[PDB]
Every structure is written in C-alpha cells, then in structure tokens.
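S.K.: Let me begin by handing over the structure; questions about it come next.
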Amino acid sequence: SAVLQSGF
Amino acid sequence: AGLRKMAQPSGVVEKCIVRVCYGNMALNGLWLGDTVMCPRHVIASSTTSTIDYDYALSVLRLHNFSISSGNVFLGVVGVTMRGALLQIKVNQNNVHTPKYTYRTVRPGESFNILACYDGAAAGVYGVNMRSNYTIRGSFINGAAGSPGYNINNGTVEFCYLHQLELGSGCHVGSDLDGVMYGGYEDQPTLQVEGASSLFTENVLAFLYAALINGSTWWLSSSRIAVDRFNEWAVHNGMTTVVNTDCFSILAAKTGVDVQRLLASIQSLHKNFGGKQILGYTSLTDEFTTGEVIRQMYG
Amino acid sequence: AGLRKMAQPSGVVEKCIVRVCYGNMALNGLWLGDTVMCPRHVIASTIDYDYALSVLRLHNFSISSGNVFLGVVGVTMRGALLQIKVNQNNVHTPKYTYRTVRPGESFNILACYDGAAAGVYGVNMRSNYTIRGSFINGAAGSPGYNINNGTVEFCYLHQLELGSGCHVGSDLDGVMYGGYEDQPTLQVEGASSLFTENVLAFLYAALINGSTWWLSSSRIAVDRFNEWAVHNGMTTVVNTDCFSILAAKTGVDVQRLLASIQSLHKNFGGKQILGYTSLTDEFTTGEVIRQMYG
C-alpha cells in the first residue's frame with residue numbers, strides 16, 4: 001500500500 | 001576519467017526549502033516568490049483511508065499552518081489546490097528565489113533530487129525517471145515535498161516534488177503543475193508499480209562511457225541492425241531504439257558504432273560472466289547520452 | 001526505503017570556490033578568510049617547486065570569484081598546496097575545520113571548473129588512498145568536504161589522476177593521500193581491496209530493505225575471515241561495535257554476514273543487491289543508519 005511520505 | 005552519477009550543485013535550491021506543518025503532519029515545501037508549493041496530503045486527517053481533499057481544504061484553518069524557513073516564519077495569505085499540490089500564498093517574498101522554470105520530465109530523463117526533512121536539505125543525488133514513472137530513490141518519512149530539479153544556464157528547472165513510496169519501495173512524485181507522474185494516486189490505497197524496461201539508449205550511453213574509460217573486454221565484433229535489435233528488446237525487458245543522432249559524437253569519439261553496441265548489449269543482458277564494467281555487474285540505464293558527454297568532455 | 005549514495009548539500013562550500021590562474025595554468029582554489037588554497041602545480045611548467053616558487057611574480061596570478069578579481073598579497077608553500085594570502089575576506093567563509101580522512105571513510109566531492117562548482121557526488125576513500133571519482137582536465141583544486149553539526153570539514157583538494165583513471169588529492173595541510181607525488185612521473189596505484197566493514201554496512205541496509213536472497217546460514221569468526229580477506233581482495237574487519245544497532249534491528253550478526261560475503265565472492269555478479277553490485281563498499285555504517293532511520 002502506497003505510503004504518503006509526510007512525517008509527524 | 002571515471003563515471004559517477006552526480007548531481008548539480010544544490011546551493012541555489014537549498015534557499016527555497018521551507019518546512020510546512022499542519023496539525024499532526026509535517027513535510028517540506030518549495031518557496032518561490034510569494035508562494036509555497038507542497039504536497040496536498042499535509043492537510044489529510046488520516047493517511048490510511050481515502051481522503052476527500054476538497055472537503056479537507058474546505059474545513060481548513062489558515063492559522064493551523066506553520067510554515068518556516070529556518071527561524072523565519074511565514075504568514076499564510078491564501079491556499080488554493082493545484083492538482084496534487086497546495087499552492088500557498090505567503091506574506092513574504094523569498095529574496096533568494098533563483099531564475100526558474102517548470103518542466104515535466106519524460107521517462108528516461110535524468111534529474112537531481114534534493115532530499116529534505118523538516119524543511120532543510122539533507123542530501124542530494126541524481127536519478128533517472130523510469131519507464132513506469134517511478135524513481136529508485138532513498139526516502140523515509142518526512143521526505144514529501146523534496147524537490148527534483150535540473151540546472152541549465154543559471155535557470156533552475158523544477159520537475160519533481162516527492163509524494164509517496166509504493167509497496168515495492170520505489171518513489172513517486174508530481175510535477176510542479178501538480179500532475180502525478182504515471183497517474184498514481186495520492187491515496188494510501190493499494191497501488192502496484194507497472195512493468196519497467198531498461199532504457200536502451202541510456203545503456204548505450206553507459207557503454208560508450210565504458211569505452212572512453214578503457215573498458216573494452218565486452219565489445220562485440222558482430223553487429224546487429226536496430227530493426228533486428230528492436231524485435232529482440234521488446235521480449236527482453238528493454239526499450240526500442242528510436243533515435244541514434246544522439247550517438248554521433250560518442251561514436252566519433254570512440255570509433256565504435258551503435259550496431260556493435262547493440263550486439264554487446266545482447267550478450268551482457270544475459271550475464272556479465274563474473275566480470276565488471278566500471279564497477280557494474282549488470283547493465284545500467286541511469287546515464288543519459290547528455291550526462292555522459294558532459295562528464296567525458298565538458 | 002531505498003539506499004542511494006548521496007552528497008551533503010553543497011551550498012555552503014559553493015561560495016568558497018575561486019579560479020586560480022598563473023601563466024598558462026588554470027585550476028580551482030578554496031577561499032577561506034583571506035587565504036586561497038590551491039594545488040601547487042598551478043605554478044609548474046620532474047618539477048622543483050621551490051625553484052618555481054623562487055622565480056614567481058605575485059602579479060602573474062589571476063584569482064577571481066566570479067568576475068571579481070582578488071589582490072594577491074603573499075604566497076607560501078604548504079606541502080602539495082599553495083597558501084595564497086589575498087587582500088579580501090570571503091564574507092561567506094563558513095565555520096570550518098581541516099580533517100584528514102582515513103581509508104573507508106566517506107566524504108563529498110564538489111567537482112569544479114574555472115572556479116565554479118559543476119557537480120557534487122559522494123565518495124569513499126579506498127584502501128590504496130585513491131577515490132573512484134569523475135574528473136577531467138581543469139578539476140584540480142576541487143574540494144572534498146564533510147558537513148558536521150554546522151561545521152564544514154575540508155578533507156581533500158583534488159590533485160591528479162593516475163594511469164588507471166583513479167584519483168588522487170591532498171588534505172588541507174598539503175599532505176598527499178597515499179604519498180603519491182605531484183609529478184608528471186609515472187606512478188602506479190597500489191593494490192586496492194574492497195573495504196569489508198562498509199560491505200557489512202551495505203548488507204545490513206539490504207536486510208532492512210527486505211533483500212535476503214544472499215543471506216548465508218553459515219557463520220565464520222572475524223579473525224578467520226580476515227585471514228581469508230587478505231588473500232581475496234578484501235580488507236580485514238577491525239571494528240564491529242558500530243554494527244550493534246544494525247545487528248539488533250535485523251537479527252543477523254556479523255559472523256553470518258561474513259559468511260555471506262564469502263559466498264557472494266564465489267558466484268560474483270549472478271544477482272544484484274538493491275540494484276547494486278553485491279559487494280558494494282561505498283557505504284559506511286554512519287551513512288546507512290542515517291538513511292534507514294535519520
């Protein structure tokens with residue numbers, strides 16, 4: 001599943 | 001001598017990096033003039049179910065943003081949606097905005113990745129756009145918004161803003177118009193990268209660079225016509241050769257023509273038989289004819 | 001995910017490059033404070049550098065940052081470098097130090113021509129004190145650097161290319177890496193062996209990225225491996241404590257990786273690891289941890 005690479 | 005996948009100097013682009021934060025989400029943005037571009041998933045309240053970006057935008061609070069360049073915070077004037085990007089109007093111009101353009105890259109083309117975290121550049125490396133519209137990059141969480149660029153005569157040509165990583169661990173961005181490369185979705189859904197083929201014209205460029213650097217053990221004495229090769233390529237995971245005008249100077253430089261190289265490619269595609277070519281143990285299509293010529297000759 | 005050989009951003013160093021001309025020679029210099037460092041062969045026509053320096057006229061130098069020419073106040077010899085005192089302070093001089101790199105360590109190359117940065121790429125000092133760079137005529141004086149907590153560590157100024165097309169430079173004290181000469185005389189690079197501790201780092205990166213096809217079930221002790229290494233184009237393993245977190249995260253110890261390295265030598269090339277040649281040694285433990293975890 002695609003991982004949208006923003007962080008916390 | 002030597003061949004390295006290199007990047008152009010990053011200094012001009014480093015001054016355009018901002019951190020963009022919204023609620024629990026933080027990623028990077030690109031500050032040009034009085035605008036910040038960043039991936040629109042920074043305003044998603046999930047990344048595990050399917051986002052309605054229009055809804056998310058409609059209920060957004062402009063003050064809930066935190067945009068910063070180092071210690072310099074930027075006030076948000078307005079936000080519009082721009083494909084898979086947010087277009088954020090901010091209250092200050094970036095005085096360090098370079099002369100720039102946008103251009104969408106095509107498969108087979110090379111560009112530079114400036115990998116960023118928390119609004120600061122961490123690394124810079126060259127990449128080449130694959131036939132299935134992904135790049136083989138290196139990104140972890142927080143890297144979204146990382147820009148792709150080429151520098152041509154002082155003008156920075158922006159071509160990529162990092163968006164997501166597929167299941168296979170390869171990487172997908174949008175152009176600066178907000179159009180996703182390869183039509184992938186900025187959703188946490190189940191996406192599979194398509195089939196991928198070696199860019200034969202790039203592999204040719206690599207072999208020419210190998211000859212210029214004195215690697216010759218693999219060079220065939222047989223030839224094969226482009227026509228004939230192309231029949232073989234499409235069954236063997238390589239692209240067809242269209243244009244050979246780009247090999248004129250390299251064939252002139254080496255005294256080796258495209259047809260001998262196509263024959264060598266057929267042998268090498270199977271195996272390198274225990275040996276190396278400029279340190280590679282298999283064929284690379286990461287170098288364009290342009291990079292090779294510039295690296296061999298200036 | 002992914003593993004790529006990166007360069008640290010080059011912006012802070014880009015502003016320290018100048019073009020240094022003297023007579024017929026042109027190359028690059030590193031301008032810090034009111035000092036320009038460049039390779040001393042800019043003043044050569046074997047070579048007696050003291051004589052060349054004794055017959056030299058300051059006014060014959062042409063040193064420029066962009067289209068701005070700097071006034072040359074003095075020159076002193078500094079091993080294989082010239083230390084050239086100029087009449088202006090580089091206002092963009094970063095916080096910096098000098099450090100000599102050791103074999104196996106990574107740094108960045110800023111490839112320069114005519115006093116301007118053209119390309120940036122990461123490298124790794126090899127066992128025979130050379131680097132696998134990419135340079136053509138005019139590159140001399142290109143700086144190598146590491147960026148560490150806001151400080152620029154300069155470690156390399158490009159000097160020359162050997163017959164085998166591999167590259168040699170000096171540190172910022174003017175000491176040539178490996179003791180090669182800055183002479184037109186013909187010299188051969190010493191034997192180069194794959195840096196094993198780096199190959200170990202790479203294999204851990206591969207595990208972390210889900211590459212396991214190559215993973216051996218056998219094991220071998222470090223010192224028994226080192227005995228094999230020396231007869232097989234590989235360096236000895238000396239430091240292993242830096243693998244502790246990697247070994248912990250993967251469940252795979254060093255002895256098992258050393259066994260895997262031996263097997264990869266026997267069918268060498270039969271498959272890639274993360275798209276790389278199986279026995280890649282350009283990645284240090286630090287680089288892998290930074291890239292996998294931050």
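Just remember, in the structure tokens the first chain shown is A, the second B, etc., residues are 1-based per chain, and ligands are 1-based in the order shown.
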When you get a sec, could you note down which chain B residues fall within 10 Å of chain A, using only C-alpha atoms, as a PyMOL selection string?

M.R.: chain B and resi 20-28+39+41-42+47-48+117-118+139-146+162-172+184-193

S.K.: Show me, as a tab-separated table, the residues of chain B having an atom within 6 Å of chain C, each with the closest atom pair and its distance in Å, using only C-alpha atoms.

M.R.:
```
residue	atom	partner	partner_atom	distance
B:1	CA	C:165	CA	5.3
B:2	CA	C:134	CA	4.5
B:3	CA	C:134	CA	5.4
B:4	CA	C:134	CA	5.9
B:6	CA	C:121	CA	5.0
B:7	CA	C:120	CA	5.3
B:8	CA	C:119	CA	4.4
B:9	CA	C:119	CA	5.4
B:10	CA	C:10	CA	5.7
B:11	CA	C:11	CA	3.5
B:123	CA	C:8	CA	4.6
B:124	CA	C:7	CA	5.2
B:125	CA	C:6	CA	5.1
B:137	CA	C:2	CA	5.7
B:138	CA	C:2	CA	4.2
B:139	CA	C:1	CA	5.7
B:140	CA	C:1	CA	5.9
B:169	CA	C:1	CA	5.5
B:274	CA	C:269	CA	5.6
B:281	CA	C:269	CA	5.3
```

S.K.: Name the residues of range 45-137 of chain C that fall into strand (DSSP E) according to DSSP on the backbone, using the chain letters and numbers of this document, as a count of residues only.

M.R.: 41

S.K.: Find the spatial neighbours of residue 217 in chain C, counting only C-alpha atoms, within a cut-off of 9 Å - ignore same-chain residues fewer than 3 positions away - and output them as a compact mmCIF listing (two decimals) with C-alpha atoms, in the first residue's frame.

M.R.:
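Output (part-v4.txt):
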```
# COMPACT_ATOMS: atom_id res chain seq x y z
CA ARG C 256 26.75 -14.60 9.45
CA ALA C 259 29.92 -15.99 5.66
CA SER C 260 27.50 -14.39 3.18
```

S.K.: Contacts of range 70-81 of chain C at 10 Å or less, counting only C-alpha atoms, minus same-chain residues fewer than 4 places along, as number ranges by chain?

M.R.: C: 18, 20, 29, 34-42, 49-50, 53, 56-65, 85-89, 141, 157, 159, 169-176, 181-182

S.K.: At what distance in Å, to one decimal, does CA of residue 18 in chain B lie from CA of residue 30 in chain B?

M.R.: 6.1 Å

S.K.: Select, from B:213, B:244, B:132, B:35, the residue with the minimum atom-to-atom distance to residue 93 in chain B, counting only C-alpha atoms.

M.R.: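 Nearest to residue 93 in chain B: B:35.
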
S.K.: Residues near range 94-99 of chain C, anyone? I mean within 10 Å using only C-alpha atoms, not counting same-chain ones fewer than 2 positions away, as number ranges by chain.

M.R.: C: 12-13, 15-16, 32-33, 90-92, 101-102, 145-148, 150-156, 171-173

S.K.: Please identify all polymer residues within 8 Å of residue 15 in chain B, counting only C-alpha atoms, omitting same-chain residues fewer than 2 positions from it, and present them as a ChimeraX atom specification.

M.R.: /B:11-13,17,96-97

S.K.: Keeping N, CA, C and O atoms, export the residues of the selection given above as a tab-separated table (two decimals), in the first residue's frame.

M.R.:
```
chain	number	residue	atom	x	y	z
B	11	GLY	N	23.12	24.53	-3.98
B	11	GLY	CA	23.01	25.77	-3.23
B	11	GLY	C	21.87	26.68	-3.64
B	11	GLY	O	21.13	27.19	-2.81
B	12	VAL	N	21.70	26.87	-4.94
B	12	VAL	CA	20.60	27.67	-5.45
B	12	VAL	C	19.20	27.18	-5.00
B	12	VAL	O	18.29	27.99	-4.77
B	13	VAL	N	19.05	25.86	-4.83
B	13	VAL	CA	17.76	25.25	-4.48
B	13	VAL	C	17.51	25.17	-2.97
B	13	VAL	O	16.37	25.27	-2.50
B	17	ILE	N	13.86	25.99	0.34
B	17	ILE	CA	13.20	24.93	1.09
B	17	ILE	C	12.54	25.48	2.35
B	17	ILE	O	13.16	26.20	3.12
B	96	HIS	N	15.77	35.11	-2.13
B	96	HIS	CA	16.72	34.21	-2.77
B	96	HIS	C	16.10	33.30	-3.83
B	96	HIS	O	16.68	32.27	-4.17
B	97	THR	N	14.94	33.69	-4.35
B	97	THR	CA	14.34	32.99	-5.47
B	97	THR	C	15.25	33.05	-6.70
B	97	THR	O	15.52	34.12	-7.23
```

S.K.: Out of B:70, B:214, B:237, B:178, which residue has the shortest atom-to-atom distance to residue 195 in chain B when counting only C-alpha atoms?

M.R.: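 The closest residue to residue 195 in chain B is B:237.
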